[PDB]
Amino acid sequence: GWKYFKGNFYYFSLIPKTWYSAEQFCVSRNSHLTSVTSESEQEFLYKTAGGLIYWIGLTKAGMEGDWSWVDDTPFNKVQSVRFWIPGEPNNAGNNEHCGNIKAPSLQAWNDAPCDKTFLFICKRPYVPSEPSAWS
């Protein structure tokens, strides 16, 4: 049930998991919880989500607590401000270290406790099968 958009395939889950058990599910399928890198991707994701909440690849990294992507895409703080619900991330209860798509809007993301169970979205690039490019 992977959906295709601009060079990547996406899996919207049918069963909810904690953030980390969602990521392990993605990894078992050669993917990761999704990063979000453009307005058009954010639009594809929140529209497809259809008002349900889904874990995405947002999680804290470093001692400063900077947001990061689990698929190792460098996190662009400046260009991601436009993507959080107003007021977020708010670290409610000093315990919200993972992020989801919550609101069906370009301003969609919420920080939530990593141990909460939600549906989730994996991403993986299309990688053609081709003979070795070394030679």
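Heads up: residue numbers just count along the shown sequence, starting at 1.
Of the two segments examined, 2-10 and 124-132, it is 124-132 that shows the higher average Cα temperature factor in the deposited entry.
The PDB entry reports B-factors from which the mean C-alpha value can be compared for 85-93 and 65-73; the larger average falls on 85-93. The PDB entry assigns the greatest CA B-factor among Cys26, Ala49, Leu106, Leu58 to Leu106. As recorded in the entry, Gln79 carries the highest CA temperature factor of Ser31, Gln42, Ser35, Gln79. Ranked against the other modelled residues of its chain, the C-alpha B-factor of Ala112 as given in the entry falls in the middle third.
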